[PDB]
């Protein structure tokens, strides 16, 4: 991994020791990025709803994950399942049960630093994974991207600054998450998010992440080229909000 400190250094060290799983996957990969493009062509707002019990940027929510996933299956373009344990209270077992229960694309979101976490995602039923440029070196990014693609997955490459974006383009990313939240400091800066979005080629599928709460923001960002929107805590607290954001 890259040189880090504080909680990111910790979570990376923890992730290096994440025990791998032995599970058999049940269904072919279904592409999240391709379904987003299809929603775009159908003029349907594409929201990726996140399931997460806890995070550094919110209070814990304890709700039925299957109920949540089945509700969101009617409206969301895909689901993101947090599986990091210490800071997000995630679990691989929640990923597996949700993936066994719904038929929309599933992104496994964690701090992926080793190949066996990609094996884990595949074996638990996820259709893709996130890779985070802030924590991975160029070499790790290219290797883990190639490995995920060898399973048929197209990872979401997560960026937060111009240097991160340059690397995502350097490694040939086709699917980029532009987060307004700096994972190290938790600062939300949407001016910077919009700047990075404006510098991404048209043929990359772009997901705006963090700080999305109003239909009007979705409309503005769509006009700026954003293809989909990742929304977590607001929907953990009030799942029905997704209905307003799509209409």
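Numbering follows the first chain given and starts at 1.
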As the entry reports it, the stretch among 116-124 and 82-90 with higher mean C-alpha B factor is 82-90
Stretch with the higher entry mean CA B-factor, where the candidates are 68-76 and 141-149: 68-76
Quick one: which of 47, 29, 207, 59 has the biggest Cα B-factor according to the entry? 29
Considering only modelled residues of the same chain, in which third does the CA B-factor of residue 170 rank: lowest, middle or highest? lowest
In terms of the CA temperature factor given in the entry, to which third of its chain does residue 226 belong: lowest, middle or highest? lowest
Here the Cα B-factor of residue 180, set against its chain, lands in the third termed middle
Could you look up the Cα B-factor of residue 14 in the entry and say which third of the chain it sits in: lowest, middle or highest? middle
Lowest, middle or highest third - CA B-factor, residue 135: middle
